[PDB]
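Coordinates as given in input-v7.cif (mmCIF, C-alpha atoms and all ligand atoms):
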```
data_work
loop_
_atom_site.label_atom_id
_atom_site.label_comp_id
_atom_site.auth_asym_id
_atom_site.auth_seq_id
_atom_site.Cartn_x
_atom_site.Cartn_y
_atom_site.Cartn_z
CA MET A 1 -13.62 -9.52 -3.52
CA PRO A 2 -10.08 -8.27 -4.13
CA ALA A 3 -9.23 -4.95 -5.69
CA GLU A 4 -8.37 -5.27 -9.38
CA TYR A 5 -5.34 -3.67 -11.02
CA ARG A 6 -3.88 -3.89 -14.54
CA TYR A 7 -0.39 -2.74 -15.51
CA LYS A 8 1.95 -2.89 -18.47
CA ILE A 9 5.59 -3.27 -17.44
CA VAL A 10 8.85 -3.48 -19.40
CA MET A 11 11.92 -5.70 -18.97
CA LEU A 12 15.06 -3.60 -19.44
CA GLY A 13 18.75 -4.46 -19.72
CA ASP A 14 21.58 -5.41 -22.07
CA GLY A 15 21.65 -8.53 -24.19
CA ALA A 16 21.82 -11.89 -22.38
CA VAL A 17 21.20 -10.43 -18.90
CA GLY A 18 18.22 -12.77 -18.49
CA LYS A 19 15.17 -10.65 -19.37
CA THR A 20 13.42 -13.52 -21.16
CA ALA A 21 14.51 -16.18 -18.66
CA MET A 22 13.21 -14.06 -15.79
CA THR A 23 9.87 -13.54 -17.54
CA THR A 24 9.65 -17.28 -18.27
CA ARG A 25 10.43 -18.12 -14.63
CA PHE A 26 7.73 -15.68 -13.48
CA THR A 27 4.95 -16.66 -15.92
CA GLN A 28 5.59 -20.37 -16.60
CA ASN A 29 7.70 -21.26 -13.51
CA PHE A 30 10.48 -23.14 -15.26
CA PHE A 31 13.95 -22.59 -16.73
CA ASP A 32 15.52 -24.03 -19.88
CA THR A 33 18.82 -23.08 -21.52
CA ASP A 34 17.24 -24.01 -24.87
CA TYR A 35 14.01 -22.03 -24.41
CA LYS A 36 13.05 -20.40 -27.71
CA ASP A 42 5.73 -8.91 -27.62
CA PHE A 43 4.48 -9.54 -24.07
CA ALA A 44 3.55 -12.26 -21.60
CA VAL A 45 0.57 -12.18 -19.25
CA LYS A 46 0.60 -12.97 -15.53
CA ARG A 47 -2.20 -12.72 -12.99
CA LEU A 48 -0.90 -12.25 -9.45
CA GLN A 49 -2.64 -12.14 -6.06
CA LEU A 50 -1.27 -10.04 -3.17
CA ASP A 51 -2.64 -11.29 0.16
CA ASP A 52 -1.44 -8.46 2.41
CA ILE A 53 -3.75 -5.94 0.70
CA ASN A 54 -6.26 -8.28 -1.00
CA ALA A 55 -5.35 -7.06 -4.47
CA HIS A 56 -5.31 -8.87 -7.82
CA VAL A 57 -2.91 -7.65 -10.51
CA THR A 58 -2.92 -8.55 -14.21
CA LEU A 59 0.44 -7.77 -15.81
CA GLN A 60 1.50 -7.28 -19.41
CA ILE A 61 5.24 -8.02 -19.33
CA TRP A 62 6.84 -6.55 -22.46
CA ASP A 63 10.21 -8.03 -23.43
CA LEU A 64 11.84 -7.00 -26.71
CA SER A 72 9.56 2.93 -33.88
CA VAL A 73 9.37 -0.44 -32.14
CA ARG A 74 11.16 1.12 -29.15
CA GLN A 75 8.51 3.82 -28.77
CA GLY A 76 5.71 1.25 -28.89
CA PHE A 77 7.69 -0.90 -26.46
CA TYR A 78 7.75 1.79 -23.76
CA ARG A 79 4.37 3.40 -24.43
CA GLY A 80 1.89 3.01 -21.59
CA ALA A 81 4.34 1.27 -19.26
CA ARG A 82 3.74 1.96 -15.57
CA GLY A 83 6.79 0.12 -14.20
CA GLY A 84 9.79 -1.94 -15.14
CA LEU A 85 12.55 -4.28 -14.07
CA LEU A 86 16.07 -2.97 -14.69
CA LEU A 87 18.30 -6.03 -15.08
CA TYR A 88 22.02 -6.57 -15.25
CA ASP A 89 24.24 -9.65 -15.23
CA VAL A 90 26.43 -9.78 -12.12
CA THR A 91 29.05 -11.72 -14.11
CA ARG A 92 29.48 -8.93 -16.71
CA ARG A 93 30.34 -5.45 -15.45
CA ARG A 94 29.45 -3.75 -18.75
CA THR A 95 25.80 -4.76 -18.29
CA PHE A 96 25.86 -3.02 -14.90
CA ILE A 97 27.44 0.14 -16.33
CA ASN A 98 24.68 0.34 -18.95
CA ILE A 99 21.61 0.21 -16.68
CA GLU A 100 21.77 4.00 -16.40
CA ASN A 101 21.40 4.23 -20.18
CA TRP A 102 18.32 2.00 -20.05
CA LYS A 103 16.78 4.15 -17.30
CA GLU A 104 17.36 7.33 -19.31
CA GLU A 105 15.98 5.77 -22.50
CA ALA A 106 12.79 4.68 -20.74
CA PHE A 107 12.26 8.02 -18.99
CA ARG A 108 13.04 9.94 -22.18
CA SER A 109 10.67 7.80 -24.25
CA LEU A 110 7.84 8.16 -21.73
CA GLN A 111 8.68 11.80 -20.90
CA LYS A 112 8.24 10.93 -17.21
CA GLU A 113 9.68 8.77 -14.46
CA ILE A 114 8.19 5.34 -13.78
CA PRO A 115 9.12 3.07 -10.85
CA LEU A 116 11.96 0.66 -11.57
CA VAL A 117 13.31 -2.24 -9.53
CA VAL A 118 17.05 -2.81 -9.97
CA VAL A 119 17.52 -6.55 -10.53
CA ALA A 120 20.98 -8.09 -10.17
CA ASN A 121 20.46 -11.34 -12.08
CA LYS A 122 22.40 -14.63 -12.36
CA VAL A 123 23.54 -14.53 -8.72
CA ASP A 124 23.73 -18.34 -8.75
CA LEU A 125 26.99 -17.93 -10.75
CA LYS A 126 29.00 -17.18 -7.62
CA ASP A 127 32.38 -18.20 -9.07
CA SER A 128 32.15 -15.71 -11.97
CA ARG A 129 30.39 -12.79 -10.26
CA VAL A 130 32.12 -9.43 -10.69
CA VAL A 131 29.50 -6.87 -9.53
CA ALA A 132 29.24 -6.85 -5.74
CA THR A 133 25.94 -6.57 -3.88
CA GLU A 134 26.89 -3.19 -2.40
CA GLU A 135 27.41 -1.60 -5.84
CA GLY A 136 23.89 -2.41 -7.03
CA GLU A 137 22.43 -1.33 -3.69
CA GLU A 138 24.18 2.04 -3.95
CA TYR A 139 22.97 2.73 -7.50
CA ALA A 140 19.39 1.83 -6.58
CA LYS A 141 19.59 3.91 -3.40
CA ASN A 142 20.80 6.96 -5.35
CA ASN A 143 17.67 6.67 -7.54
CA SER A 144 15.24 5.62 -4.76
CA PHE A 145 14.86 2.28 -6.57
CA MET A 146 14.37 -1.03 -4.82
CA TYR A 147 17.15 -3.59 -5.27
CA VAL A 148 16.73 -7.36 -5.73
CA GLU A 149 19.23 -10.17 -6.32
CA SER A 150 17.64 -12.80 -8.54
CA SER A 151 18.27 -16.05 -10.40
CA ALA A 152 15.99 -17.14 -13.22
CA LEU A 153 17.68 -20.55 -12.98
CA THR A 154 16.93 -21.24 -9.31
CA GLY A 155 13.88 -18.96 -9.08
CA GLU A 156 15.52 -16.96 -6.26
CA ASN A 157 13.56 -13.75 -5.57
CA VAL A 158 12.08 -13.67 -9.09
CA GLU A 159 8.46 -13.54 -7.95
CA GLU A 160 9.46 -11.08 -5.22
CA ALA A 161 10.89 -8.63 -7.76
CA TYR A 162 7.66 -8.51 -9.78
CA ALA A 163 5.54 -8.47 -6.60
CA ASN A 164 7.46 -5.51 -5.14
CA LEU A 165 7.01 -3.63 -8.42
CA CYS A 166 3.27 -4.38 -8.39
CA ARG A 167 2.90 -2.99 -4.87
CA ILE A 168 4.72 0.21 -5.83
CA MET A 169 2.53 0.69 -8.89
CA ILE A 170 -0.58 0.08 -6.75
CA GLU A 171 0.45 2.71 -4.21
CA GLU A 172 1.08 5.14 -7.08
CA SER A 173 -2.36 4.36 -8.51
CA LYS A 174 -3.75 5.19 -5.07
CA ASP A 175 -1.72 8.42 -4.97
CA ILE A 176 -3.27 9.49 -8.28
CA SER A 177 -6.76 8.60 -7.03
CA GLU A 178 -6.24 10.98 -4.12
CA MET A 179 -4.83 13.74 -6.33
CA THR A 180 -7.84 13.58 -8.67
CA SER A 181 -10.23 13.58 -5.67
CA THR A 182 -9.22 16.76 -3.83
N1 LIG B 1 23.09 -19.34 -14.46
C1 LIG B 1 22.12 -18.53 -14.87
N2 LIG B 1 21.89 -18.36 -16.22
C2 LIG B 1 20.89 -17.54 -16.64
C3 LIG B 1 20.09 -16.87 -15.73
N3 LIG B 1 19.19 -16.13 -16.43
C4 LIG B 1 19.41 -16.32 -17.75
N4 LIG B 1 20.45 -17.20 -17.89
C5 LIG B 1 21.04 -17.68 -19.15
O1 LIG B 1 21.69 -16.59 -19.78
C6 LIG B 1 21.45 -16.61 -21.18
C7 LIG B 1 20.75 -15.32 -21.59
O2 LIG B 1 19.47 -15.26 -20.98
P1 LIG B 1 18.23 -14.58 -21.74
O3 LIG B 1 16.95 -14.83 -21.04
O4 LIG B 1 18.17 -14.99 -23.15
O5 LIG B 1 18.65 -13.03 -21.63
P2 LIG B 1 17.96 -11.87 -22.50
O6 LIG B 1 18.10 -10.60 -21.76
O7 LIG B 1 16.54 -12.17 -22.79
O8 LIG B 1 18.85 -11.87 -23.84
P3 LIG B 1 18.35 -11.17 -25.21
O9 LIG B 1 17.37 -12.11 -25.93
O10 LIG B 1 17.61 -9.86 -24.88
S1 LIG B 1 19.70 -10.87 -26.20
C8 LIG B 1 20.60 -17.84 -21.45
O11 LIG B 1 21.47 -18.90 -21.79
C9 LIG B 1 19.97 -18.15 -20.12
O12 LIG B 1 19.69 -19.53 -19.98
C10 LIG B 1 20.32 -17.04 -14.37
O13 LIG B 1 19.63 -16.45 -13.53
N5 LIG B 1 21.33 -17.88 -13.95
MG MG B 2 15.58 -12.24 -24.55
#
```
Once more with this new file: its structure as structure tokens, please.
Amino acid sequence: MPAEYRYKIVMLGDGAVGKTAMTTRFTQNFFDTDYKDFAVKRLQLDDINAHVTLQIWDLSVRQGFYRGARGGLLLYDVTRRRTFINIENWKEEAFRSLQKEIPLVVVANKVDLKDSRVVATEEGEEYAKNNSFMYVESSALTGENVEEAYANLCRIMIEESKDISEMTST
């Protein structure tokens, strides 16, 4: 029997970066330009025999949005530089609301739009590296690395759960 884990996570980023489309791709495995507080996804991780149930929040209301979150995806649109400049503001808002740091994966979304991309891979890698965040290039449209981004976040939250278990068991 696998180990069981449950986490609330938050989708962060400016308007139209693809927060909803990424969540739809992850939970319902499709994409629709005309697709109209949280989604649920159950995910198995074979390498450690662990089962994760996720609450993926995507939206006073701000404080309830962040409360109880154990992780998040920090998205920007590689075709719009302003959305990349603002990811620091989203990180600060989350950490300030929670009054603590939570793991974040930096997600450079819409990488299928090669002809209109303005934020280079190395820029996102450097920001994530400066914050000890993982970095993922994703496309909700093609599905590229979408499941990987959530899976990597799950593994980090699991290792942090294990860290806390050991701290409480000295
Ligand atoms: N080409 C391409 N288009 C994408 C991708 N992800 C989202 N889009 C498109 O970009 C637009 C915005 O995506 P959306 O999911 O609504 O972002 P959002 O962050 O949820 O936007 P908001 O509701 O917070 S304002 C939509 O038209 C969607 O179809 C992607 O990976 N590749
Ligand atoms: Mg949305």
- Name each residue within 7 Å of ligand LIG 1 (chain B), counting only C-alpha atoms and all ligand atoms, as a PyMOL selection string. chain A and resi 13-22+32-33+64+121-125+150-154
- Message: Under the rule that all atoms listed in the file are counted, which of A:79, A:36, A:25, A:92 is the nearest residue to residue 129 of chain A?
- Response: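 The answer is A:92, which sits nearest to residue 129 of chain A.
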- Nearest to ligand MG 2 (chain B) among A:7, A:102, A:62, A:26, with distances taken over only C-alpha atoms and all ligand atoms: which residue is it?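 Counting only C-alpha atoms and all ligand atoms, the residue closest to ligand MG 2 (chain B) is A:62.
For the pair atom CA of residue 109 of chain A and atom CA of residue 74 of chain A, the interatomic distance is 8.3 Å.
Here atom CA of residue 164 of chain A is placed at a distance of 23.7 Å from atom CA of residue 108 of chain A.
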- Query: How far is it from atom CA of residue 87 of chain A to atom CA of residue 136 of chain A, in Å with one decimal?
  - Reply: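 Spanning atom CA of residue 87 of chain A to atom CA of residue 136 of chain A is a straight-line distance of 10.4 Å.
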- Top pick for closest residue to residue 5 of chain A, considering A:118, A:158, A:86, A:46 and counting all atoms listed in the file: A:46
- Using all atoms listed in the file, which of the listed residues (A:120, A:169, A:106, A:9) sits closest to residue 137 of chain A? A:120
Take every atom of segment 128-133 of chain A listed in the file, pad by 4 Å on each side, and give me the axis-aligned box centre and edge lengths in Å, one decimal, as lines of an AutoDock Vina configuration file.
```
center_x = 29.0
center_y = -11.1
center_z = -7.9
size_x = 14.2
size_y = 17.1
size_z = 16.1
```
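Counting all atoms listed in the file and comparing A:1, A:27, A:11, A:77, the residue that lies closest to ligand MG 2 (chain B) is A:11.
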- Residue with the minimum atom-to-atom distance to residue 105 of chain A, picked from A:93, A:175, A:60, A:12 with all atoms listed in the file counted, is A:12
- Find the spatial neighbours of residue 170 of chain A, counting all atoms listed in the file, within a cut-off of 12 Å - ignore same-chain residues fewer than 4 positions away - and output them as a PyMOL selection string. chain A and resi 3-7+50+53-58+82-83+115+163-166+174-177
- Task: Kindly provide, as a PyMOL selection string, the polymer residues lying within 7 Å of (6.4, -12.4, -24.7), counting all atoms listed in the file and using the coordinates exactly as they appear in the file.
- Result: chain A and resi 42-44+62-63
